[PDB]
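Asker: Protein sequence lines correspond, in order, to chains A and B. Per the numbering used here: the first sequence = residues 1 to 505. Per the numbering used here: the second sequence = residues 1001 to 1505.
2 protein chains.
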Amino acid sequence: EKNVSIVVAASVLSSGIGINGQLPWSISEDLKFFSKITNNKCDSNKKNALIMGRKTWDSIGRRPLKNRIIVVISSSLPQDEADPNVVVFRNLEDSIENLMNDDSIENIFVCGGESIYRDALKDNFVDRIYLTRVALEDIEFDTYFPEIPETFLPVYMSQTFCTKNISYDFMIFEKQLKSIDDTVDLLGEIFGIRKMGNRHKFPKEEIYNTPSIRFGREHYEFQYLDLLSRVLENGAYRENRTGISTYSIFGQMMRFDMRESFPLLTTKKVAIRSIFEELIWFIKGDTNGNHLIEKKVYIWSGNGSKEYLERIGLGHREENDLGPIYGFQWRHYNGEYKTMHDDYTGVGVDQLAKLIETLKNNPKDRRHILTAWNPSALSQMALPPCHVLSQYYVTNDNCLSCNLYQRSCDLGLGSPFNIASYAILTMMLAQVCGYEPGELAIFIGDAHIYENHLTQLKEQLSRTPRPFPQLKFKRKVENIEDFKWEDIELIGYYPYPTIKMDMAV
Amino acid sequence: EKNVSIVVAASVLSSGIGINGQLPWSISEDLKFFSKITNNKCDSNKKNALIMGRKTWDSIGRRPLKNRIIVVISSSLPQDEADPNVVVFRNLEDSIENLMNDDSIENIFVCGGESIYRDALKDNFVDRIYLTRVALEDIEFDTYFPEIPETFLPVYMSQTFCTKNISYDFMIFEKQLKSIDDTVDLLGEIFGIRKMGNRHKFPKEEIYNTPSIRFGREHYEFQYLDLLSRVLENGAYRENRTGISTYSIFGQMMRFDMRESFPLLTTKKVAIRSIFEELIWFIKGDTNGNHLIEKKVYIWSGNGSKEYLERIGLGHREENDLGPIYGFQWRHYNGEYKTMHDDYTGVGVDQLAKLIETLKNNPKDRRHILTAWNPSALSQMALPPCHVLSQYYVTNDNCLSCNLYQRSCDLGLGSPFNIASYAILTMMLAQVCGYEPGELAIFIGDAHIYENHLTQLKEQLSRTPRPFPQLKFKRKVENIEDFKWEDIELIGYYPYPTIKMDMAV
Ligand SMILES: NC(=O)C1=CN([C@@H]2O[C@H](COP(=O)(O)OP(=O)(O)OC[C@H]3O[C@@H](n4cnc5c(N)ncnc54)[C@H](OP(=O)(O)O)[C@@H]3O)[C@@H](O)[C@H]2O)C=CC1
Ligand SMILES: NC(=O)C1=CN([C@@H]2O[C@H](COP(=O)(O)OP(=O)(O)OC[C@H]3O[C@@H](n4cnc5c(N)ncnc54)[C@H](OP(=O)(O)O)[C@@H]3O)[C@@H](O)[C@H]2O)C=CC1
Ligand SMILES: Nc1nc(O)c2c(Cc3ccc(C(=O)N[C@@H](CCC(=O)O)C(=O)O)cc3)c[nH]c2n1
Ligand SMILES: Nc1nc(O)c2c(Cc3ccc(C(=O)N[C@@H](CCC(=O)O)C(=O)O)cc3)c[nH]c2n1
Ligand SMILES: Nc1nc(O)c2c(Cc3ccc(C(=O)N[C@@H](CCC(=O)O)C(=O)O)cc3)c[nH]c2n1
Ligand SMILES: Nc1nc(O)c2c(Cc3ccc(C(=O)N[C@@H](CCC(=O)O)C(=O)O)cc3)c[nH]c2n1
Ligand SMILES: O=c1[nH]c(=O)n([C@H]2C[C@H](O)[C@@H](COP(=O)(O)O)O2)cc1F
Ligand SMILES: O=c1[nH]c(=O)n([C@H]2C[C@H](O)[C@@H](COP(=O)(O)O)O2)cc1F
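#1: Would you mind telling me which residues of chain A sit closer than 7 Å to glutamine 1391 of chain B, beta carbon to beta carbon, in chain order?
#2: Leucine 1370 of chain B and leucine 1352 of chain B look like a contact to me (Cβ under 8 Å); what is the Cβ gap, rounded to whole Å?
#3: Can you tell me where the beta strand (DSSP E) holding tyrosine 1247 of chain B begins and where it ends?
#4: What residues match up with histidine 1387 of chain B in a beta bridge as DSSP calls it?
#5: Please give me, in chain order, every unbroken run of the beta strand (DSSP E) with length at least 3 that falls completely inside the region 1035–1075 of chain B.
#6: Taking the alpha carbon of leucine 186 of chain A as the point to measure from, which residue in B:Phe1145, B:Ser1274, B:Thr1038 and B:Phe1125 has its own alpha carbon closest?
#7: According to DSSP, which residues form a beta bridge with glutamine 1470 of chain B?
#8: Spatial neighbours of residue 518 of chain A within its chain, please: CB distance less than 8 Å, with the 5 preceding and 5 following residues excluded, ordered by chain position.
#9: Between which two residues does the alpha helix (DSSP H) containing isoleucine 116 of chain A stretch?
#10: Kindly indicate which three-state DSSP category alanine 236 of chain A falls into: helix, strand or coil?
#11: Counting contacts by CB-CB distance shorter than 8 Å, is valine 155 of chain A in contact with chain B?
#12: Out of curiosity, what's the CA-to-CA distance linking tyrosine 1168 of chain B and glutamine 1460 of chain B?
#13: Around the Cβ of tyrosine 1298 of chain B, are there at least 16 other Cβ atoms within 10 angstroms (buried) or fewer (exposed)?
#14: What does the alpha-carbon distance come out to for the pair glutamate 106 of chain A and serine 44 of chain A?
#15: Buried or exposed: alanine 1082 of chain B, going by 16 or more other Cβ atoms within 10 Å of its Cβ?
#16: Would you kindly check if the distance between the Cβ of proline 1469 of chain B and the Cβ of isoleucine 1499 of chain B is under 8 Å?
#17: Does ligand 4 have a heavy atom nearer than 7 Å to the CB of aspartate 286 of chain A?
#18: Going by DSSP, what residue range makes up the alpha helix (DSSP H) through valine 184 of chain A?
#19: Mind checking whether the beta-carbon of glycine 1414 of chain B lies closer than 7 Å to any heavy atom of ligand 6?
#20: Against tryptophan 1373 of chain B, what residues of chain E qualify as contacts under a CB-to-CB distance less than 9 Å, listed in chain order?
#21: What are the residues that DSSP puts in a beta bridge with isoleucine 1129 of chain B?
#22: For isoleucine 1116 of chain B, verify whether its CB is less than 7 Å away from any heavy atom of ligand 2.
#23: Classify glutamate 459 of chain A as helix, strand or coil using the three-state DSSP reduction.
#24: Quick check on the DSSP output: the beta strand (DSSP E) that includes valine 1088 of chain B runs from which residue to which?
#25: Could you name the residues of chain B that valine 72 of chain A contacts, counting a contact when the two beta carbons are closer than 7 Å?
#26: Check whether the Cβ of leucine 411 of chain A lies closer than 8 Å to any Cβ atom in chain B.
#27: Give a yes or no on whether the C-beta atoms belonging to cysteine 1433 of chain B and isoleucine 1488 of chain B are separated by under 8 Å.
#28: Using a Cβ-based criterion (distance less than 7 Å to any ligand heavy atom), does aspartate 1030 of chain B qualify as near ligand 5?
#29: Taking only three categories from DSSP, how would you classify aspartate 1321 of chain B?
#30: Going by other Cβ atoms of all chains shown within 10 Å of its Cβ, with 16 needed for buried, is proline 1263 of chain B buried or exposed?
#31: What residue ranges within the region 136–163 of chain A form continuous beta strand (DSSP E) runs of no fewer than 3 residues, ordered along the chain?
#32: DSSP on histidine 316 of chain A, reduced to helix/strand/coil?
#33: Determine which residues of the region 185–212 of chain A have a Cβ less than 8 Å from any Cβ of chain B, and write them out in chain order.
#34: Would you call the CB atoms of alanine 9 of chain A and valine 134 of chain A closer than 8 Å?
#35: Determine, using beta-carbon pairs with one atom in the region 1132–1146 of chain B and one in the region 1003–1018 of chain B, whether at least three such pairs fall under 8 Å.
#36: For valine 394 of chain A versus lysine 354 of chain A, is the C-beta spacing smaller than 8 Å?
Structure (structure tokens):
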């Protein structure tokens, strides 16, 4: 018995692998991954056999790969006994004689060819599958990768990598001590809620996104999805200011990479434009909700309405005057707020400007902080800061990392918007201060799910994540408030269909 | 071959197990743990054999344990063939006939008796050890547990539990797929710092506290020690405002239980009194450093000195006037600061009072927040807020949890003080609002280690953690500012010797 693995790079959605006798992309990291995953062996006296179709053998220029034995499947090619590194077989079944014979082979890799892949899967010869998902689909294919049968299960999904603005992921599909566990379970039986481990129970399979992936949950969307599962599992059913009660947990975090990708969720189509527009709406220090509504962004509609304002004791307020809310605290901290029409230029403390200036004049400073929590202005605000305070870090290799603390988190609506918003903000601050994006860490206080989002989020959990998209700016601005929506280019975003969820006013 | 495990409850330090023919403690959870861990089996047709000394057999009143077979070691006790649940052997070696015969036994437990433990270890018959450390040493013992030989290694250390104000823990000592790992390593070879996984490398064994404990690192001091290892591994060497450079990492967190213990480090003797005194110094809203120095607490000496003040542009300031530093922002937010002698009563926003009032009048609120970051007052402060903003959470079972964000963290000096300080503060707020302590989550921005603390912290990492102590208040106060040091009772704190480390001014 010998292990037979499949190595293949296919597109994310249609699973295209080739076009016109060649690859529809050029990724050096992918080819290198192939070379390394095929050169991996234990015995130095042994080699790995590489099975591929005739057309694939033509694709590589009919030249052998070093330290490996290429097996070409063809009905026309002759059994060229000259080259000891290349061998030709009539059929795929007969080609797998590496098992019964030639103990000089340690591993077998089914390496190419839709005609080869399809009948290597159909006749069940494959043990493992190394799938390299690539994030393009608006191109032309003529050769596809066959749909993976239910006999295989994903056990690994790497973080999203980027090469030439192309997103890609590495996945592994597999064909499928007690003492500590027992002790912990027993202690969990003796002590009840006393044992903190029982307060943070591991999510059940029924609410665990892609349960088969246990140790290889490297993709950073899992940082959010596993949180969703955790709230869905240990969430204490509690009431709030709105009529809709939530399942809530306290003290959580999510990490994100921004160097090789952009933390925009793929399990649900997220309105990026609204996020950006809200972000630059903050940056300008604007508190007029209509300015957001005029651009067809209605995320601040419910918290702006006359009924809601009069209800929270702000009946004197105009139809969409949100008050000294974010941006106003960024650009005019401790500034006496009147109306949304007044010109608050020069007044208050401009945290954002000083933040940029400090970021570029003193990167290794341990104070880069932007806050929005102002006790003196909380009573005037239409809604107190959820994403309360942020801190920025400049690494030694000139990268910009961002930490954000969030007192309250709507895992259905608010969360993705916050992640993407502070990601984009981090990128803006990076370009303005002359750095590159780094990492995004979000620390959450009250992580909760509204009871009217249950079926929706449980639907979202039934979707296996796709590689994060890329975000590129079309032009470099001199002032951070000069950013426009047309300046934003989102590359390789192929998310699952949108999920409609109502906001609790 | 059959598994032979040792079950024993010993004191934390001197490893005492008995006094005057009985136990020096009464812990129902421990006895229950024994009963479970000895009743654990797979085959219903089999039983577990318990080996114990004659005196131990006398200790249990000479009555058999249900669903188990008690094996008594005695040279005088007759071989009672009456009771089929109790059997007597003349020596320990002969007693281990359960291995060669009687297939009705599934597991063997060496259950008691220093005379039994010692020669069960000396003749090497034990495979596993279930040690229940107990936190009391100022009592009398006559029977001890022999020192564990180097052939055993800890693989598990539970969280500190509390029964009758006694701290205890459960540990296991043992006598001692590749594909995903290979793939991740290869990706780590291809992509360099691009791969975020390589930016957060797992700490090496040389700097990993108790490396043998891999999957059973349940103790919450590991939340700090593993952080220490992480900074010690991935720490970017960078400069700062002080002449002493630090190794720094960004975006971390530590979780702590306060229900069954008190997060006070045992690997180093921490000055609790100074921590408390500083805490109530904050609560009163006092900014006079002398008030702290008068009580022999010198943690704010360096950041108060005339030289340091004149250096940071506060030469007009008095010898120890720190300015609108924490407490002043807690009790008098946005209050115009003059000197430390002025009476700031009634001025500014009292965040602490409103926090308490909101905590008891509206527990399920999501705005329980105490901040200290005031951009308008930062220039006047002797040192900007490190523990910047905190949020509090009342649980459905009336427990009080606390989250704290810290922009900058001195893992040598500041960190333990912060943990203990906000733990005590959480407990105070719990008693004043009529709740019980819950969990403490600390989210850290710039987690760094000063280069002059290296050998010291590397020394601290060489110490295997002990169970957390307990903190109890001797009286219930009406006002939170009425707390006194005499009202604090620290029970079961047996830490490793103190480690002297200098503060970077
Ligand atoms: N991104 C990726 O992971 C990969 C992509 N590719 C792409 O695939 C494209 C081409 O693949 P594809 O069109 O499917 O052709 P194939 O790669 O499957 O190779 C075709 C050859 O296989 C031989 N063959 C197939 N079945 C049999 C059989 N039952 N008996 C004998 N010989 C057989 C044929 O030889 P004969 O005609 O003599 O009978 C034929 O010439 C390439 O452009 C390449 O870029 C290839 C590998 C990997
Ligand atoms: N906290 C814990 O985990 C535990 C604590 N304990 C404590 O230990 C205390 C007493 O233990 P300890 O003083 O060590 O006495 P032991 O528990 O070891 O039991 C003593 C008996 O062992 C017999 N014995 C020992 N060695 C031999 C031998 N080589 N051949 C024949 N018989 C032998 C003796 O019988 P004989 O005199 O007839 O020769 C003796 O009566 C108790 O008070 C109990 O509370 C006990 C178990 C667990
Ligand atoms: N993830 C992935 N990417 C692929 O390109 C394939 C292929 C097709 C293929 C197979 C091998 C190569 C190839 O030239 N590899 C090289 C290139 C060397 C290098 O760039 O480092 C090698 O092993 O030395 C190029 C294309 C077959 N299976 C594949 N799987
Ligand atoms: N209870 C509650 N939850 C919230 O998330 C908020 C917010 C922030 C916010 C964030 C997202 C939305 C929102 O409607 N997002 C959407 C729709 C986006 C769109 O079509 O414009 C979605 O992707 O499902 C609306 C408001 C503002 N006020 C809120 N109140
Ligand atoms: N952690 C630990 N604690 C101990 O007390 C021991 C002992 C001594 C011992 C052994 C057994 C008992 C005992 O009565 N166990 C019981 C009590 C029942 C109960 O409280 O649930 C049982 O199994 O039903 C009491 C003392 C031997 N080894 C021990 N290890
Ligand atoms: N660079 C730097 N690091 C810090 O930790 C601080 C602090 C807070 C602080 C926290 C702890 C101490 C401290 O000396 N701790 C000690 C000694 C305690 C004592 O004996 O009183 C220790 O346990 O090692 C001193 C100051 C205040 N200013 C600081 N500046
Ligand atoms: O960016 C946001 N993210 C978010 O999650 N909320 C949600 C969280 C909360 O459930 C709701 C109202 O906040 P509060 O908890 O004070 O009622 O708004 C609001 C935002 F503006
Ligand atoms: O509670 C504290 N905890 C702490 O870690 N510091 C350290 C962190 C920092 O390294 C140093 C000075 O802060 P800064 O980074 O602004 O120089 O004080 C200070 C405190 F008061």
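The beta carbon of each residue, even a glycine, is placed where N, CA and C say it ideally should be.
Answerer: Taking the coordinates as given:
#1: Start at 1 with the first residue of the second sequence, and residue 1391 of chain B comes out as number 391. Ordered by position in chain A, the residues that pass the 7 Å Cβ test against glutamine 1391 of chain B are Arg407 and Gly445.
#2: As a first step, residue 1370 of chain B is located in the second sequence; it is residue number 370 there, counting from the start. As a first step, residue 1352 of chain B is located in the second sequence; it is residue number 352 there, counting from the start. Contact flag correct, Cβ pair sits at about 7 Å.
#3: As a position in the second sequence, residue 1247 of chain B is number 247, starting the count at 1. Counting along the chain, the beta strand (DSSP E) containing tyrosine 1247 of chain B begins and ends at 1246–1257.
#4: The count along the second sequence starts at 1 and reaches residue 1387 of chain B at position 387. For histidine 1387 of chain B, which the question treats as bridged, DSSP gives the partners B:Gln1406.
#5: 1047–1053 and 1068–1073
#6: The count along the first sequence starts at 1 and reaches residue 186 of chain A at position 186. For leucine 186 of chain A, the nearest C-alpha among the options comes from B:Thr1038.
#7: Along the second sequence, one-based indexing puts residue 1470 of chain B at 470. Answer by DSSP bridge pairing, in chain order: B:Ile1491.
#8: Residue numbering for chain A in the displayed model covers 1 to 505; residue 518 of chain A lies beyond these limits and cannot be assessed.
#9: For the purposes of this step, residue 116 of chain A is identified with residue 116 of the first sequence, where counting begins at 1. Run containing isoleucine 116 of chain A: 114–122, per the alpha helix (DSSP H) assignment.
#10: Taking the first residue of the first sequence as position 1, residue 236 of chain A is located at position 236. Strand, per DSSP.
#11: For the purposes of this step, residue 155 of chain A is taken as the residue at position 155 of the first sequence. Yes - at least one Cβ of chain B is within 8 Å of the one on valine 155 of chain A.
#12: What you label residue 1168 of chain B is simply residue 168 of the second sequence in a count that begins at 1. What you label residue 1460 of chain B is simply residue 460 of the second sequence in a count that begins at 1. Cα to Cα, the separation comes out at about 22 Å.
#13: The sequence position of residue 1298 of chain B within the second sequence is 298, counting from 1. By the neighbour-count rule (16 or more Cβ atoms within 10 Å), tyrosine 1298 of chain B is not buried but exposed.
#14: Walking along the first sequence from the start, residue 106 of chain A turns up at place 106. Walking along the first sequence from the start, residue 44 of chain A turns up at place 44. Distance between the alpha carbons of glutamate 106 of chain A and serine 44 of chain A is about 10 Å.
#15: Translated into positions along the second sequence, residue 1082 of chain B becomes position 82. Exposed is the call here.
#16: Translated into the one-based positions of the second sequence, residue 1499 of chain B becomes position 499. Translated into the one-based positions of the second sequence, residue 1469 of chain B becomes position 469. No. Outside cutoff.
#17: Looking up residue 286 of chain A in the first sequence gives position 286. Checking the Cβ of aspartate 286 of chain A against ligand 4 gives no.
#18: Here the question's residue 184 of chain A lines up with position 184 in the first sequence. Run containing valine 184 of chain A: 178–190, per the alpha helix (DSSP H) assignment.
#19: Position 414 of the second sequence, counted from the start, is the residue given in the question as residue 1414 of chain B. Yes - ligand 6 has a heavy atom lying nearer than 7 Å to the Cβ of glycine 1414 of chain B.
#20: Here chain E cannot be found, since the structure's protein chains are A and B.
#21: Position 129 of the second sequence, counted from the start, is the residue given in the question as residue 1129 of chain B. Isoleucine 1129 of chain B is bridged to B:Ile1006 and B:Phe1173.
#22: Indexing the second sequence from 1 puts residue 1116 of chain B at position 116. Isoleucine 1116 of chain B: yes, Cβ under 7 Å from ligand 2.
#23: In the first sequence, residue 459 of chain A corresponds to position 459, counting from 1. Three-state result, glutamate 459 of chain A: helix.
#24: In the second sequence, the residue the question calls residue 1088 of chain B occupies position 88. Unbroken beta strand (DSSP E) run through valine 1088 of chain B: 1086–1089.
#25: Position 72 of the first sequence, counting from 1, holds the residue named residue 72 of chain A. Going along chain B, no residue has its Cβ under 7 Å from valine 72 of chain A, so there is no contact; the nearest lies around 26 Å.
#26: Position 411 of the first sequence, counting from 1, holds the residue named residue 411 of chain A. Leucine 411 of chain A does not count as touching chain B.
#27: One-based indexing of the second sequence puts residue 1433 of chain B at position 433. One-based indexing of the second sequence puts residue 1488 of chain B at position 488. No, the Cβ-Cβ distance between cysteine 1433 of chain B and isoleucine 1488 of chain B is not below 8 Å.
#28: Position 30 of the second sequence, counted from the first residue, corresponds to residue 1030 of chain B. Answer for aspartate 1030 of chain B: yes, Cβ within range of ligand 5.
#29: In the second sequence, residue 1321 of chain B corresponds to position 321, counting from 1. Here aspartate 1321 of chain B sits in strand by DSSP.
#30: On the second sequence, residue 1263 of chain B is found 263 positions in, with the first residue counted as 1. Looking at its Cβ environment, which holds 16 or more other Cβ atoms inside 10 Å, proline 1263 of chain B is buried.
#31: 152–157 and 161–163
#32: Taking the first sequence and counting its residues from 1, one reaches residue 316 of chain A at position 316. In this structure, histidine 316 of chain A counts as coil in the three-state DSSP scheme.
#33: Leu186, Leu187, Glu189, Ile190, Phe191, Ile193, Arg194, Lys195, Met196, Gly197 and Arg199
#34: By 1-based counting over the first sequence, the position of residue 9 of chain A is 9. By 1-based counting over the first sequence, the position of residue 134 of chain A is 134. Yes; because the gap between Cβ atoms is below 8 Å, this pair is in contact.
#35: yes
#36: Taking the first sequence and counting its residues from 1, one reaches residue 394 of chain A at position 394. Taking the first sequence and counting its residues from 1, one reaches residue 354 of chain A at position 354. Taking 8 Å as the Cβ cut-off, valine 394 of chain A and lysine 354 of chain A do not qualify as a contacting pair.
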